[PDB]
$ cat query-v4.cif   # mmCIF, N, CA and C atoms and all ligand atoms
data_run
loop_
_atom_site.label_atom_id
_atom_site.label_comp_id
_atom_site.auth_asym_id
_atom_site.auth_seq_id
_atom_site.Cartn_x
_atom_site.Cartn_y
_atom_site.Cartn_z
N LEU A 7 120.71 45.98 110.55
CA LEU A 7 121.01 47.26 109.87
C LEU A 7 119.91 47.45 108.81
N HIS A 8 119.68 48.66 108.37
CA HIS A 8 118.62 48.90 107.37
C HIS A 8 119.10 50.04 106.48
N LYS A 9 118.92 49.76 105.19
CA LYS A 9 119.23 50.73 104.14
C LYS A 9 118.02 51.65 103.98
N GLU A 10 118.30 52.90 103.70
CA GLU A 10 117.29 53.91 103.44
C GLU A 10 117.75 54.66 102.19
N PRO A 11 116.81 55.10 101.38
CA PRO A 11 117.11 55.88 100.19
C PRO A 11 117.66 57.26 100.51
N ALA A 12 118.42 57.81 99.58
CA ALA A 12 118.99 59.16 99.71
C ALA A 12 119.13 59.64 98.28
N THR A 13 119.40 60.89 98.03
CA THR A 13 119.57 61.39 96.65
C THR A 13 120.91 62.08 96.55
N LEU A 14 121.70 61.77 95.56
CA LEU A 14 123.03 62.41 95.41
C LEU A 14 122.82 63.90 95.18
N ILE A 15 123.59 64.67 95.91
CA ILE A 15 123.68 66.12 95.80
C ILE A 15 125.04 66.39 95.14
N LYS A 16 126.16 66.01 95.73
CA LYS A 16 127.48 66.24 95.15
C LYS A 16 128.55 65.32 95.73
N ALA A 17 129.44 64.74 94.94
CA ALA A 17 130.56 63.94 95.46
C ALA A 17 131.66 64.91 95.92
N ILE A 18 132.23 64.72 97.12
CA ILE A 18 133.28 65.60 97.63
C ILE A 18 134.63 64.99 97.28
N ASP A 19 134.90 63.79 97.77
CA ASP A 19 136.21 63.16 97.47
C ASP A 19 136.02 61.65 97.58
N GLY A 20 137.09 60.90 97.70
CA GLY A 20 137.07 59.44 97.79
C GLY A 20 136.19 58.89 98.90
N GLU A 21 136.25 59.47 100.09
CA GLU A 21 135.51 59.03 101.26
C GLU A 21 134.40 59.96 101.72
N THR A 22 134.00 60.98 100.99
CA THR A 22 132.96 61.93 101.41
C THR A 22 132.01 62.27 100.27
N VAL A 23 130.72 62.18 100.53
CA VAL A 23 129.68 62.50 99.55
C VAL A 23 128.63 63.37 100.23
N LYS A 24 127.99 64.19 99.43
CA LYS A 24 126.93 65.08 99.93
C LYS A 24 125.61 64.52 99.43
N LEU A 25 124.70 64.21 100.33
CA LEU A 25 123.44 63.57 99.94
C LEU A 25 122.26 64.29 100.59
N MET A 26 121.11 64.18 99.93
CA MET A 26 119.84 64.67 100.47
C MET A 26 119.26 63.45 101.22
N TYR A 27 119.14 63.57 102.52
CA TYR A 27 118.64 62.48 103.37
C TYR A 27 117.48 63.02 104.22
N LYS A 28 116.29 62.49 103.95
CA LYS A 28 115.01 62.85 104.57
C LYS A 28 114.78 64.35 104.52
N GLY A 29 114.92 64.84 103.31
CA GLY A 29 114.75 66.22 102.92
C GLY A 29 115.76 67.18 103.47
N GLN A 30 116.94 66.66 103.75
CA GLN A 30 118.02 67.46 104.33
C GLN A 30 119.32 67.15 103.63
N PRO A 31 120.06 68.12 103.13
CA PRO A 31 121.41 67.92 102.59
C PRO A 31 122.35 67.65 103.76
N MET A 32 123.13 66.60 103.62
CA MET A 32 124.09 66.19 104.63
C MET A 32 125.37 65.69 103.94
N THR A 33 126.44 65.88 104.68
CA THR A 33 127.75 65.34 104.33
C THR A 33 127.85 63.98 105.05
N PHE A 34 128.19 62.96 104.27
CA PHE A 34 128.36 61.59 104.75
C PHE A 34 129.82 61.21 104.58
N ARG A 35 130.34 60.62 105.62
CA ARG A 35 131.71 60.11 105.63
C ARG A 35 131.52 58.58 105.64
N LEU A 36 132.17 57.95 104.68
CA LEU A 36 132.16 56.50 104.49
C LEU A 36 132.83 55.80 105.67
N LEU A 37 132.09 54.93 106.34
CA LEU A 37 132.67 54.17 107.46
C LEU A 37 133.80 53.22 107.00
N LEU A 38 134.80 53.07 107.85
CA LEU A 38 135.87 52.10 107.80
C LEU A 38 136.87 52.12 106.67
N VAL A 39 136.94 53.25 106.04
CA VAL A 39 137.74 53.46 104.83
C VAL A 39 138.58 54.72 105.01
N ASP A 40 139.81 54.58 104.56
CA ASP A 40 140.71 55.72 104.51
C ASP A 40 141.39 55.66 103.14
N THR A 41 141.05 56.69 102.39
CA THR A 41 141.59 56.94 101.06
C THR A 41 142.71 57.98 101.13
N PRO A 42 143.64 57.94 100.19
CA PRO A 42 144.63 59.02 100.00
C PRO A 42 143.88 60.32 99.66
N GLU A 43 144.30 61.46 100.22
CA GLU A 43 143.58 62.72 100.00
C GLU A 43 144.10 63.59 98.87
N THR A 44 143.12 64.33 98.37
CA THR A 44 143.26 65.35 97.34
C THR A 44 143.59 66.66 98.05
N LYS A 45 142.62 67.07 98.84
CA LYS A 45 142.71 68.27 99.68
C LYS A 45 142.70 67.86 101.15
N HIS A 46 143.67 68.41 101.85
CA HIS A 46 143.87 68.16 103.27
C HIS A 46 144.93 69.11 103.80
N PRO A 47 144.61 70.11 104.61
CA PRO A 47 145.63 70.98 105.12
C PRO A 47 146.65 70.13 105.83
N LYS A 48 146.82 68.93 105.27
CA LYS A 48 147.74 67.91 105.81
C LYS A 48 148.40 67.08 104.67
N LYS A 49 149.49 67.62 104.16
CA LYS A 49 150.36 66.98 103.13
C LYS A 49 149.81 66.98 101.68
N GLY A 50 148.67 67.61 101.42
CA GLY A 50 148.16 67.79 100.01
C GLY A 50 147.35 66.60 99.39
N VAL A 51 147.94 66.18 98.17
CA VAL A 51 147.49 65.12 97.11
C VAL A 51 148.36 63.87 97.17
N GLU A 52 147.95 62.91 97.99
CA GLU A 52 148.70 61.65 98.13
C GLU A 52 148.56 60.85 96.84
N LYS A 53 149.48 59.95 96.54
CA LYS A 53 149.36 59.11 95.33
C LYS A 53 148.03 58.34 95.48
N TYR A 54 147.21 58.39 94.46
CA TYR A 54 145.91 57.75 94.40
C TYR A 54 144.79 58.62 94.92
N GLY A 55 145.07 59.71 95.61
CA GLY A 55 144.04 60.66 96.10
C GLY A 55 143.06 60.92 94.95
N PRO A 56 143.54 61.44 93.82
CA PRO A 56 142.76 61.69 92.60
C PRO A 56 142.02 60.49 92.01
N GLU A 57 142.62 59.32 92.02
CA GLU A 57 141.98 58.11 91.52
C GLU A 57 140.82 57.74 92.45
N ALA A 58 141.04 57.81 93.75
CA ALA A 58 140.02 57.48 94.76
C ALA A 58 138.81 58.39 94.66
N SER A 59 139.01 59.69 94.48
CA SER A 59 137.92 60.66 94.30
C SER A 59 137.14 60.34 93.03
N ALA A 60 137.88 60.09 91.98
CA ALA A 60 137.28 59.75 90.68
C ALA A 60 136.38 58.53 90.73
N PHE A 61 136.88 57.51 91.36
CA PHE A 61 136.14 56.24 91.52
C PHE A 61 134.83 56.48 92.25
N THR A 62 134.83 57.06 93.44
CA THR A 62 133.60 57.37 94.18
C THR A 62 132.64 58.23 93.38
N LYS A 63 133.13 59.29 92.74
CA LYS A 63 132.36 60.20 91.92
C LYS A 63 131.62 59.44 90.83
N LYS A 64 132.32 58.64 90.03
CA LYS A 64 131.65 57.93 88.93
C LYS A 64 130.62 56.95 89.46
N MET A 65 130.99 56.23 90.52
CA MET A 65 130.10 55.23 91.12
C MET A 65 128.79 55.83 91.62
N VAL A 66 128.80 56.91 92.39
CA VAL A 66 127.55 57.52 92.90
C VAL A 66 126.80 58.34 91.84
N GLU A 67 127.49 58.88 90.84
CA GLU A 67 126.86 59.63 89.77
C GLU A 67 126.16 58.76 88.76
N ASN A 68 126.71 57.61 88.44
CA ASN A 68 126.01 56.75 87.46
C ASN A 68 124.95 55.86 88.10
N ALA A 69 124.70 55.99 89.39
CA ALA A 69 123.71 55.19 90.12
C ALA A 69 122.31 55.78 89.95
N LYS A 70 121.36 54.87 89.80
CA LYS A 70 119.96 55.30 89.72
C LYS A 70 119.37 55.29 91.13
N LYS A 71 119.91 54.43 91.99
CA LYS A 71 119.48 54.35 93.40
C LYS A 71 120.66 54.42 94.38
N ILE A 72 120.59 55.37 95.29
CA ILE A 72 121.56 55.51 96.36
C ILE A 72 120.84 55.15 97.68
N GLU A 73 121.53 54.37 98.51
CA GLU A 73 121.10 53.98 99.84
C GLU A 73 122.23 54.19 100.86
N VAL A 74 121.79 54.64 102.01
CA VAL A 74 122.64 54.87 103.18
C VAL A 74 122.23 53.82 104.21
N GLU A 75 123.23 53.25 104.82
CA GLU A 75 123.08 52.25 105.88
C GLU A 75 123.97 52.60 107.08
N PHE A 76 123.34 53.08 108.13
CA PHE A 76 124.00 53.41 109.40
C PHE A 76 124.42 52.12 110.12
N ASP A 77 125.46 52.20 110.94
CA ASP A 77 125.91 51.04 111.70
C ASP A 77 125.12 51.06 113.00
N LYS A 78 125.59 50.39 114.03
CA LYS A 78 124.82 50.36 115.28
C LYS A 78 125.30 51.29 116.36
N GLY A 79 126.30 52.12 116.17
CA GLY A 79 126.74 53.08 117.20
C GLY A 79 126.29 54.48 116.79
N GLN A 80 127.05 55.50 117.16
CA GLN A 80 126.78 56.89 116.80
C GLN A 80 126.72 57.07 115.27
N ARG A 81 125.80 57.86 114.77
CA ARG A 81 125.59 58.04 113.33
C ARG A 81 126.13 59.32 112.75
N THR A 82 126.74 60.12 113.59
CA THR A 82 127.37 61.38 113.16
C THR A 82 128.71 61.42 113.90
N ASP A 83 129.70 62.05 113.29
CA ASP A 83 130.98 62.28 113.95
C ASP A 83 130.97 63.73 114.51
N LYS A 84 132.03 64.13 115.19
CA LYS A 84 132.17 65.48 115.77
C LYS A 84 132.10 66.63 114.80
N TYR A 85 132.27 66.42 113.52
CA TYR A 85 132.14 67.50 112.53
C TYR A 85 130.73 67.55 111.93
N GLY A 86 129.76 66.84 112.48
CA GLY A 86 128.38 66.78 112.01
C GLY A 86 128.13 65.94 110.78
N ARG A 87 129.09 65.17 110.30
CA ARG A 87 128.97 64.31 109.12
C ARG A 87 128.26 63.00 109.46
N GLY A 88 127.36 62.52 108.59
CA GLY A 88 126.70 61.21 108.84
C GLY A 88 127.76 60.11 108.62
N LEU A 89 127.72 59.06 109.44
CA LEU A 89 128.63 57.92 109.36
C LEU A 89 127.86 56.71 108.82
N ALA A 90 128.08 56.33 107.56
CA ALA A 90 127.29 55.21 106.99
C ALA A 90 128.03 54.42 105.94
N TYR A 91 127.39 53.31 105.58
CA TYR A 91 127.76 52.43 104.46
C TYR A 91 126.91 52.92 103.27
N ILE A 92 127.49 53.32 102.15
CA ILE A 92 126.67 53.84 101.03
C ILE A 92 126.64 52.82 99.91
N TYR A 93 125.45 52.57 99.37
CA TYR A 93 125.26 51.60 98.28
C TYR A 93 124.84 52.35 97.01
N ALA A 94 125.51 52.08 95.91
CA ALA A 94 125.21 52.65 94.60
C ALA A 94 124.65 51.42 93.87
N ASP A 95 123.36 51.47 93.59
CA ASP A 95 122.62 50.39 92.92
C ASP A 95 122.88 49.03 93.54
N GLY A 96 122.72 48.88 94.83
CA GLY A 96 122.96 47.58 95.46
C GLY A 96 124.43 47.28 95.74
N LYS A 97 125.38 48.02 95.20
CA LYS A 97 126.80 47.74 95.48
C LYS A 97 127.34 48.73 96.51
N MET A 98 128.02 48.28 97.56
CA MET A 98 128.57 49.10 98.64
C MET A 98 129.80 49.85 98.15
N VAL A 99 129.72 51.17 98.20
CA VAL A 99 130.87 51.96 97.74
C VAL A 99 132.12 51.68 98.57
N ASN A 100 131.94 51.52 99.88
CA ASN A 100 133.12 51.39 100.77
C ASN A 100 133.95 50.18 100.38
N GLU A 101 133.22 49.10 100.05
CA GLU A 101 133.89 47.83 99.72
C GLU A 101 134.56 47.89 98.38
N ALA A 102 133.87 48.42 97.39
CA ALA A 102 134.38 48.66 96.04
C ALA A 102 135.76 49.32 96.08
N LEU A 103 135.92 50.40 96.83
CA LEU A 103 137.21 51.10 96.95
C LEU A 103 138.32 50.21 97.53
N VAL A 104 138.01 49.50 98.61
CA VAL A 104 138.97 48.63 99.31
C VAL A 104 139.39 47.51 98.34
N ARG A 105 138.40 46.88 97.71
CA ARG A 105 138.63 45.85 96.71
C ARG A 105 139.57 46.29 95.57
N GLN A 106 139.53 47.53 95.14
CA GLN A 106 140.36 48.12 94.10
C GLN A 106 141.70 48.66 94.61
N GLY A 107 142.03 48.50 95.88
CA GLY A 107 143.28 49.05 96.40
C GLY A 107 143.24 50.57 96.35
N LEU A 108 142.09 51.22 96.48
CA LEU A 108 142.05 52.70 96.45
C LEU A 108 141.70 53.28 97.83
N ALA A 109 141.73 52.47 98.86
CA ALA A 109 141.44 52.77 100.25
C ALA A 109 141.95 51.61 101.11
N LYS A 110 142.22 51.91 102.36
CA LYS A 110 142.67 50.89 103.34
C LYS A 110 141.63 50.88 104.45
N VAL A 111 141.44 49.76 105.13
CA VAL A 111 140.47 49.68 106.24
C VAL A 111 141.16 50.41 107.41
N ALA A 112 140.50 51.48 107.81
CA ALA A 112 140.96 52.38 108.85
C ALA A 112 139.81 52.81 109.76
N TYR A 113 140.16 53.56 110.79
CA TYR A 113 139.25 54.19 111.73
C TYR A 113 138.19 53.21 112.20
N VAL A 114 138.63 52.15 112.85
CA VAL A 114 137.56 51.21 113.30
C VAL A 114 137.18 51.68 114.70
N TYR A 115 135.99 52.24 114.87
CA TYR A 115 135.56 52.67 116.21
C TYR A 115 134.38 51.79 116.57
N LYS A 116 134.55 50.92 117.55
CA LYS A 116 133.42 50.04 117.90
C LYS A 116 132.33 50.91 118.53
N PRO A 117 131.07 50.53 118.43
CA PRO A 117 130.56 49.36 117.73
C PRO A 117 130.19 49.60 116.27
N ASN A 118 130.79 50.60 115.61
CA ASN A 118 130.49 50.88 114.18
C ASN A 118 131.43 50.00 113.37
N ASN A 119 131.20 48.69 113.50
CA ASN A 119 132.13 47.78 112.82
C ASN A 119 131.47 46.56 112.26
N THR A 120 130.17 46.58 112.02
CA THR A 120 129.51 45.42 111.43
C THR A 120 130.15 44.80 110.21
N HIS A 121 130.60 45.56 109.24
CA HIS A 121 131.19 45.06 108.01
C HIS A 121 132.71 45.05 107.96
N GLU A 122 133.39 45.22 109.07
CA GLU A 122 134.85 45.26 109.14
C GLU A 122 135.53 44.01 108.61
N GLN A 123 134.97 42.86 108.91
CA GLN A 123 135.50 41.56 108.48
C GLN A 123 135.37 41.34 106.97
N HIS A 124 134.20 41.70 106.49
CA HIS A 124 133.87 41.70 105.06
C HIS A 124 134.83 42.61 104.29
N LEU A 125 135.08 43.83 104.75
CA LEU A 125 136.01 44.76 104.13
C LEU A 125 137.47 44.28 104.26
N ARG A 126 137.88 43.79 105.40
CA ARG A 126 139.26 43.29 105.57
C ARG A 126 139.52 42.12 104.62
N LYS A 127 138.52 41.31 104.37
CA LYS A 127 138.63 40.19 103.41
C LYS A 127 138.93 40.79 102.04
N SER A 128 138.25 41.89 101.68
CA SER A 128 138.46 42.60 100.41
C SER A 128 139.82 43.25 100.29
N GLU A 129 140.27 43.80 101.40
CA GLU A 129 141.59 44.41 101.44
C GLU A 129 142.75 43.44 101.20
N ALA A 130 142.69 42.29 101.84
CA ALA A 130 143.71 41.24 101.68
C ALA A 130 143.77 40.78 100.22
N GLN A 131 142.58 40.64 99.64
CA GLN A 131 142.43 40.23 98.23
C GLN A 131 143.12 41.22 97.33
N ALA A 132 142.98 42.51 97.56
CA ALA A 132 143.64 43.58 96.80
C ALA A 132 145.15 43.66 97.02
N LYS A 133 145.60 43.35 98.25
CA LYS A 133 147.03 43.35 98.57
C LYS A 133 147.64 42.16 97.81
N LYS A 134 147.01 40.99 97.93
CA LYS A 134 147.38 39.76 97.23
C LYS A 134 147.65 40.06 95.75
N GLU A 135 146.77 40.85 95.17
CA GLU A 135 146.84 41.22 93.76
C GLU A 135 147.68 42.45 93.48
N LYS A 136 148.27 43.06 94.50
CA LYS A 136 149.15 44.22 94.38
C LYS A 136 148.56 45.39 93.61
N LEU A 137 147.37 45.79 94.03
CA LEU A 137 146.59 46.86 93.39
C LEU A 137 146.84 48.22 94.03
N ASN A 138 147.02 49.20 93.18
CA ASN A 138 147.17 50.62 93.49
C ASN A 138 148.00 50.87 94.73
N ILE A 139 147.40 51.22 95.84
CA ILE A 139 148.03 51.46 97.15
C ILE A 139 149.03 50.37 97.44
N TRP A 140 148.68 49.13 97.12
CA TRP A 140 149.54 47.96 97.31
C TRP A 140 150.42 47.59 96.12
N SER A 141 150.59 48.42 95.11
CA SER A 141 151.41 47.99 93.97
C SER A 141 152.89 48.22 94.24
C1 LIG A 201 135.47 57.61 109.79
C2 LIG A 201 135.40 58.37 111.09
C3 LIG A 201 136.11 59.55 111.26
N1 LIG A 201 136.00 60.27 112.42
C4 LIG A 201 136.94 61.40 112.68
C5 LIG A 201 138.34 60.84 113.05
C6 LIG A 201 139.19 62.06 112.64
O1 LIG A 201 139.19 63.13 113.64
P1 LIG A 201 140.38 64.26 113.67
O2 LIG A 201 140.16 65.18 112.53
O3 LIG A 201 139.92 65.00 115.02
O4 LIG A 201 141.67 63.60 113.98
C7 LIG A 201 138.53 62.50 111.33
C8 LIG A 201 139.13 61.90 110.09
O5 LIG A 201 138.34 62.28 108.96
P2 LIG A 201 138.84 62.22 107.44
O6 LIG A 201 139.58 60.96 107.22
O7 LIG A 201 137.71 62.55 106.53
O8 LIG A 201 139.87 63.46 107.30
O9 LIG A 201 137.16 62.11 111.45
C9 LIG A 201 135.23 59.82 113.45
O10 LIG A 201 135.16 60.46 114.48
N2 LIG A 201 134.55 58.65 113.29
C10 LIG A 201 134.61 57.90 112.14
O11 LIG A 201 133.98 56.84 112.08
#
$ encode --input "query-v4.cif" --output "C-alpha cells"
Amino acid sequence: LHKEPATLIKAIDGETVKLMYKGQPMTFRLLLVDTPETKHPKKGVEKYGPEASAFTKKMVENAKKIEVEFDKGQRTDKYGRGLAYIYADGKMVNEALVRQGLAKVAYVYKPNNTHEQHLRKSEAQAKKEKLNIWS
C-alpha cells in the first residue's frame, strides 16, 4: 500500500471528508468504519453521530499533513467517493475512531481489507473499556 498527500477541503461527517487529491476535489469515504450518523434520510442523528463528526473534523483540521492510502481492490464506490485509509499527521483516522468507540468495524468488502485485523484489535480494546458506542 502507499500513502499519497492530499489537502483538506472540508470535513463532511464522521466517516466522510472532502479532499483535494492530485488537483481534484473528491469525497473520500473512510474504509472499514461505520459511525452513527448526523444526517441520513435514514433515522436522523444516532447517539454519538455528533461526537463522531466532531472527532474526525478536529483530527483532519488540526493536521499539517494529510495522506490517503488506497487498499488493493476498487478505489471508488458506486457514488463516486474515493475509498481509502486517511492519515492525519501519521495517525490513521479510521483507527482513531474505532479505538475511541465512535465507530464500529463495518462494510468489509474483500479485497479492501488490509487493515481489518488491526482495526478489529482496536475495536475489542474499546469494547473492553466500554467506550461510547459500547458504554
Ligand atoms: C465503505 C463502503 C461503502 N460502500 C457503499 C455501501 C452502501 O451502499 P448503499 O447506500 O447502496 O446501501 C453505502 C454506505 O455508505 P455510508 O455508510 O456512507 O452511508 O456505501 C461501498 O460500496 N463500499 C465501501 O467500501
$ closest_residue --input "query-v4.cif" --among "A:55, A:126, A:137, A:40" --to "ligand LIG 201 (chain A)" --atoms "all atoms listed in the file"
A:40
$ select_by_dssp --input "query-v4.cif" --residues "stretch 59-141 of chain A" --states "strand (DSSP E or B)" --output "list in words"
residues 72, 73, 74, 75, 76, 82, 88, 89, 90, 91, 92, 93, 94, 97, 98, 110 and 111 of chain A
$ atom_distance --input "query-v4.cif" --atom1 "atom N of residue A:75" --atom2 "atom N of residue A:114"
17.4 Å
$ residues_near_ligand --input "query-v4.cif" --ligand "ligand LIG 201 (chain A)" --cutoff "8 Å" --atoms "only C-alpha atoms and all ligand atoms" --output "list in words"
residues 21, 22, 35, 36, 37, 38, 39, 40, 41, 46, 82, 83, 84, 85, 89, 112, 113, 114, 115 and 118 of chain A
$ closest_residue --input "query-v4.cif" --among "A:109, A:125, A:132, A:69" --to "residue A:54" --atoms "only N, CA and C atoms"
A:109
$ closest_residue --input "query-v4.cif" --among "A:91, A:20, A:64, A:59" --to "residue A:76" --atoms "all atoms listed in the file"
A:91
$ closest_residue --input "query-v4.cif" --among "A:34, A:87, A:17, A:81" --to "residue A:62" --atoms "all atoms listed in the file"
A:17
$ closest_residue --input "query-v4.cif" --among "A:120, A:28, A:57, A:136" --to "residue A:42" --atoms "all atoms listed in the file"
A:57
$ select_by_dssp --input "query-v4.cif" --residues "chain A" --states "alpha helix (DSSP H)" --output "JSON, numbers by chain"
{"A": [55, 56, 57, 58, 59, 60, 61, 62, 63, 64, 65, 66, 67, 99, 100, 101, 102, 103, 104, 105, 122, 123, 124, 125, 126, 127, 128, 129, 130, 131, 132, 133, 134]}
$ closest_residue --input "query-v4.cif" --among "A:134, A:48, A:71, A:24" --to "residue A:11" --atoms "all atoms listed in the file"
A:71
$ atom_distance --input "query-v4.cif" --atom1 "atom N of residue A:121" --atom2 "atom CA of residue A:77"
7.6 Å
$ residues_around --input "query-v4.cif" --residues "residue A:15" --least-positions-apart "6" --cutoff "8 Å" --atoms "all atoms listed in the file" --output "list in words"
residues 23, 24, 25, 26, 31 and 32 of chain A
$ write_last_selection --input "query-v4.cif" --atoms "N, CA and C atoms" --output "PDB file, in the frame of the given file"
ATOM      1  N   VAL A  23     130.720  62.180 100.530  1.00  0.00           N
ATOM      2  CA  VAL A  23     129.680  62.500  99.550  1.00  0.00           C
ATOM      3  C   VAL A  23     128.630  63.370 100.230  1.00  0.00           C
ATOM      4  N   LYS A  24     127.990  64.190  99.430  1.00  0.00           N
ATOM      5  CA  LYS A  24     126.930  65.080  99.930  1.00  0.00           C
ATOM      6  C   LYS A  24     125.610  64.520  99.430  1.00  0.00           C
ATOM      7  N   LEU A  25     124.700  64.210 100.330  1.00  0.00           N
ATOM      8  CA  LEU A  25     123.440  63.570  99.940  1.00  0.00           C
ATOM      9  C   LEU A  25     122.260  64.290 100.590  1.00  0.00           C
ATOM     10  N   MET A  26     121.110  64.180  99.930  1.00  0.00           N
ATOM     11  CA  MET A  26     119.840  64.670 100.470  1.00  0.00           C
ATOM     12  C   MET A  26     119.260  63.450 101.220  1.00  0.00           C
ATOM     13  N   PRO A  31     120.060  68.120 103.130  1.00  0.00           N
ATOM     14  CA  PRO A  31     121.410  67.920 102.590  1.00  0.00           C
ATOM     15  C   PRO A  31     122.350  67.650 103.760  1.00  0.00           C
ATOM     16  N   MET A  32     123.130  66.600 103.620  1.00  0.00           N
ATOM     17  CA  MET A  32     124.090  66.190 104.630  1.00  0.00           C
ATOM     18  C   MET A  32     125.370  65.690 103.940  1.00  0.00           C
TER      19      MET A  32
END
$ atom_distance --input "query-v4.cif" --atom1 "atom C of residue A:138" --atom2 "atom N of residue A:95"
24.7 Å
$ residues_around --input "query-v4.cif" --residues "residue A:140" --least-positions-apart "5" --cutoff "12 Å" --atoms "only C-alpha atoms" --output "list in words"
residues 53, 54, 104, 105, 106, 107, 108, 109, 110, 129, 130, 131, 132, 133, 134 and 135 of chain A
$ axis_aligned_box --input "query-v4.cif" --around "stretch 35-48 of chain A" --padding-each-side "5 Å" --output "AutoDock Vina command-line options"
--center_x 139.4 --center_y 61.5 --center_z 102.6 --size_x 28.1 --size_y 28.9 --size_z 20.5
$ residues_near_point --input "query-v4.cif" --point "(141.2, 67.4, 97.2)" --cutoff "8 Å" --atoms "only C-alpha atoms" --output "number ranges by chain"
A: 19, 43-46, 50-51, 55-56
$ build_atoms --input "query-v4.cif" --residues "stretch 90-101 of chain A" --atoms "N, CA, C and O atoms" --output "JSON list (two decimals), keeping the file's coordinate frame"
[["chain", "number", "residue", "atom", "x", "y", "z"],
["A", 90, "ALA", "N", 128.08, 56.33, 107.56],
["A", 90, "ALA", "CA", 127.29, 55.21, 106.99],
["A", 90, "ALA", "C", 128.03, 54.42, 105.94],
["A", 90, "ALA", "O", 129.17, 54.74, 105.54],
["A", 91, "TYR", "N", 127.39, 53.31, 105.58],
["A", 91, "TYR", "CA", 127.76, 52.43, 104.46],
["A", 91, "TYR", "C", 126.91, 52.92, 103.27],
["A", 91, "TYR", "O", 125.67, 53.01, 103.42],
["A", 92, "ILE", "N", 127.49, 53.32, 102.15],
["A", 92, "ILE", "CA", 126.67, 53.84, 101.03],
["A", 92, "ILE", "C", 126.64, 52.82, 99.91],
["A", 92, "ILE", "O", 127.69, 52.25, 99.62],
["A", 93, "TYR", "N", 125.45, 52.57, 99.37],
["A", 93, "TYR", "CA", 125.26, 51.60, 98.28],
["A", 93, "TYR", "C", 124.84, 52.35, 97.01],
["A", 93, "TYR", "O", 123.95, 53.19, 97.09],
["A", 94, "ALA", "N", 125.51, 52.08, 95.91],
["A", 94, "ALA", "CA", 125.21, 52.65, 94.60],
["A", 94, "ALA", "C", 124.65, 51.42, 93.87],
["A", 94, "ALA", "O", 125.39, 50.43, 93.70],
["A", 95, "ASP", "N", 123.36, 51.47, 93.59],
["A", 95, "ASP", "CA", 122.62, 50.39, 92.92],
["A", 95, "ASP", "C", 122.88, 49.03, 93.54],
["A", 95, "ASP", "O", 123.23, 48.11, 92.80],
["A", 96, "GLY", "N", 122.72, 48.88, 94.83],
["A", 96, "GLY", "CA", 122.96, 47.58, 95.46],
["A", 96, "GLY", "C", 124.43, 47.28, 95.74],
["A", 96, "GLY", "O", 124.69, 46.30, 96.48],
["A", 97, "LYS", "N", 125.38, 48.02, 95.20],
["A", 97, "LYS", "CA", 126.80, 47.74, 95.48],
["A", 97, "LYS", "C", 127.34, 48.73, 96.51],
["A", 97, "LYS", "O", 127.15, 49.95, 96.37],
["A", 98, "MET", "N", 128.02, 48.28, 97.56],
["A", 98, "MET", "CA", 128.57, 49.10, 98.64],
["A", 98, "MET", "C", 129.80, 49.85, 98.15],
["A", 98, "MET", "O", 130.79, 49.20, 97.78],
["A", 99, "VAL", "N", 129.72, 51.17, 98.20],
["A", 99, "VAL", "CA", 130.87, 51.96, 97.74],
["A", 99, "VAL", "C", 132.12, 51.68, 98.57],
["A", 99, "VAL", "O", 133.24, 51.61, 98.04],
["A", 100, "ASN", "N", 131.94, 51.52, 99.88],
["A", 100, "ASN", "CA", 133.12, 51.39, 100.77],
["A", 100, "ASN", "C", 133.95, 50.18, 100.38],
["A", 100, "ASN", "O", 135.18, 50.23, 100.38],
["A", 101, "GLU", "N", 133.22, 49.10, 100.05],
["A", 101, "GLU", "CA", 133.89, 47.83, 99.72],
["A", 101, "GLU", "C", 134.56, 47.89, 98.38],
["A", 101, "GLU", "O", 135.71, 47.46, 98.25]]
